[PDB]
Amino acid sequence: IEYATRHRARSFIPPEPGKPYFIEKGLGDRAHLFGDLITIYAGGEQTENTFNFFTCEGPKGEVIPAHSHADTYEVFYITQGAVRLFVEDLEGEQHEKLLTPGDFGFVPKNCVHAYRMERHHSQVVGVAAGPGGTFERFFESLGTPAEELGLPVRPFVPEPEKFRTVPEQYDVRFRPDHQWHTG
């Protein structure tokens, strides 16, 4: 049976801290953002705002917007398909790598980065957290929560206003002028 939480009328994440739980494949809290489906299995409420756990999956596509996080560190661990990760270090040097399932990428705070899914229905396991809390409700805030299972039929394109206001609540800084010179 399911739970009612702060985030969903129907969720498999228990609302109270301190409760163990299991969630079958795909049934975490879901959000749509562009063509991608984000699925949250644990958030800050579960971990005293220490860490989170979520997956991101999507169609073969182009790079997501280049961005950074001032106080948040991010893991990319590939589970399906192939994902090209772009990252610029603090010294301005850029790096790219095609990550295949079981490969790992790590993006520290203040490092500009982006990714491109290079196979249909690629999937990434992510953790996104830091001294300033956990990041997981970003996705449904800029994008939209989803009740349906599976990849969105139509991409969810946030209205411009969302891109201005979501940084006020979530640790994200967009870098639309950023150019990748790794090819």
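From 1 onward, residues are counted along the sequence shown.
Once the C-alpha B-factors are averaged per stretch, 31 to 39 and 130 to 138 rank with 130 to 138 first. The PDB entry records a higher mean C-alpha B factor for 158 to 166 than for its counterpart among 158 to 166 and 14 to 22. Which of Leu99, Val75, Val87, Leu90 has the largest Cα B-factor in the deposited entry comes down to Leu90. When the CA B factors of the chain's modelled residues are split into thirds, the value for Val63 lands in the highest one. Per the PDB record, residue ranking by Cα B-factor puts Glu57 in the lowest third of the chain. Residue-level temperature factors show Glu48 in the middle third of its chain, judged at the C-alpha atom.
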